[PDB]
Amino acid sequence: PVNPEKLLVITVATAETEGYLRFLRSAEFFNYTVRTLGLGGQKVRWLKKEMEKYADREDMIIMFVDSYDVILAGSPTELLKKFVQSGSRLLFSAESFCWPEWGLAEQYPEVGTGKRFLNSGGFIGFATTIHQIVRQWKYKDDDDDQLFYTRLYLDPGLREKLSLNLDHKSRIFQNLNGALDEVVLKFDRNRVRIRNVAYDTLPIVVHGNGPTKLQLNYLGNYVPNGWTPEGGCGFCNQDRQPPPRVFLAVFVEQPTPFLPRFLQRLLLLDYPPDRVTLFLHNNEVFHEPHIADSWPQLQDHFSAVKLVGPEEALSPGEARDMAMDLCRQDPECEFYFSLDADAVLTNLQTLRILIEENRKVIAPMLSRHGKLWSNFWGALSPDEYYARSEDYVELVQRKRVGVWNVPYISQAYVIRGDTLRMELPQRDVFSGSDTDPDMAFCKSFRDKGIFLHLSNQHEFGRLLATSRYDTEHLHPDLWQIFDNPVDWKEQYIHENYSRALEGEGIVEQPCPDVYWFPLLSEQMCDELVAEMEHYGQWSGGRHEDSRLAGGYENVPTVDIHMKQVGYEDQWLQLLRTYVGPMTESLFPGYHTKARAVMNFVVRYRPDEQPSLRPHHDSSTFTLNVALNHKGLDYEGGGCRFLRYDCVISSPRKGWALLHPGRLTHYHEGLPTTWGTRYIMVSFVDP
């Protein structure tokens, strides 16, 4: 049994990058002893000088491995046991490819189903045997170390004398390149390993050599104590006097729904505004009225503000370069926060949480509501298109939560200002090529060995759909009930609707079988009324309605139907989602799909039609929503139910009436004496 205190791990690194520190944490997890060369071709020269101290130490086992692209998955005890089991005095890692000299592939011994060729990224042997190898180095730093070990190994006499071997079946070393299909994660309670399903082994050293850095990043999120079924993630903050100064950059590169809401939300972020500088690039002339309306509040709120409008003809890549460089060139910019207009931050502590994670680059996970689409990618295709990773759905669904090393992030991220100055000083981060600005940004950080972190440890927010947003309306957000229903409800559905639907005594019954509940917010009423007048073609003479009064005759109103303004599909959707469930609640036993042929807005004026004579409705039940204020906008009565001698004297603006349309509720519209009275009517289930 070889003594673990006699095992020494040697690696080389010239800077404490995130990869090197990831390697050290995995080594410290298993209580390895690590000697790092070169911090304070050239690899062998450093190792050879290092080995002269251990030239006679037959009692020492030394494992040399890379650090930037290596994680440890097993204990020194298991490692020394497998080394003794190999019966070798210097065991090299094996791999699928023979390089740099492909011609030397013939000199290699036949291996069978295992890997045949040497890889100098990881080997383990006795100090004495290794010293006899590395002392034979008398070349220069530019020269190839892989060729040095390969030629020495291919020496048949030197191979048998020193007992050199290759770990053919990946018992100890696992090189990822050429063997991605062989490696799977093997989970335990508080530790994760890899398994080679080709040779049924549990390698100790995971080496992401060649073009497999992204696959190592993925494995490194678990191995050895990245994320565990019982302990969760092991490097995140988990459970959570001046805060750092932050440059907040907002980007509007396309017409975006609910932008006035996004701008107003900027005033609610729980981070001191005197410590935040706002940069806002708006590329859309359609959003110029929006930016202008809320700019006075933003200017008073934040420390400093700056707007770059559509007039400067800035492409998204140029605007993102400019905003990022403004932070880079300011020694007082400690953190850079890039937030796109289609990102809805439901968690107002997002900027704090991400800063406290203390990463170079970190994004809050944001997903399109009810779908898998989100602001990060788990994997890439060879030509850098989206590909779904093995754990992508688990992360989006938050089955596994933590801080994850991912190939792609977007729409919201926080970048350490020191990183922009020291490690990424160039201006062309998003620009400089024909590739997409968002992908050029991720590649720029990947090319410098900078991890892109993603946190789903909390609920941060969601992503608006902007794909096909019809801007040809007076209020386009009114037509967003399908694409962004969650945000459409927060803007247009009355705030106390859900409380009323859940009971809580909000629903009223002003007349016997007539119910009264809050439905539309004051903004929906104002925009719907405005949209009606913008059309302007109200009905008049020869207008016919589905009303029954004193026999087979019809009662008309000055009105506009939803079909005319192209809003029936949208209003029908509201009827299904909100009116329907309310009607089944208030009328136990009744079921409805909220069918409605007659949906229309009535206008009452003393100038034209001020009243509506007694009549019945061609409907099972009728929805009657007030659209403006009694007293402020109009005077005069509302609704009278003659058989019950009951009158809705004061209609509440956002609220709606629900009454039977036939037989029992002969109803009348009282004359409107001053101003203009607007209501929204639906004859449901005809």
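Superpose the two forms; the largest set of C-alphas matching within 1.5 Å is the rigid core. Residue numbers run from 1 along the displayed sequence.
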Do the Cα atoms of 255 to 263 or those of 382 to 390 sit farther, on average, from the shown form in 8 other deposited structures of this protein after fitting on the core?
382 to 390
Returned stretch for higher CA RMS in 8 other deposited structures of this protein, core superposition, given 199 to 207 and 137 to 145, is 137 to 145
Between residues given as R240 and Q241, how many of the deposited sequence are not built: none, 1 to 3, 4 to 9, or 10 or more?
4 to 9
Unmodelled deposited residues flanked by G40 on one side and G41 on the other
10 or more
Ranked by mean Cα B-factor in the entry, 30 to 38 and 637 to 645, top stretch is 637 to 645
Read off the CA B-factors in the entry, average them over 429 to 437 and over 395 to 403, and name the higher stretch.
429 to 437
Using the temperature factors in the entry, find which of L632, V65, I61, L657 has the highest value at its Cα atom.
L632
Determine which member of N496, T350, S444, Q573 has the highest CA B-factor, using the values in the deposited entry.
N496
In terms of its chain's C-alpha B-factors, the third that includes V361 is the lowest
Assert third(CA B-factor, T672) within chain per record equals highest
How does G87 rank on Cα B-factor within its chain, lowest, middle or highest third?
middle
Of the three thirds of Cα B-factor ranks in this chain, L268 occupies the middle
What third of its chain's C-alpha B-factors does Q174 belong to: lowest, middle or highest?
lowest
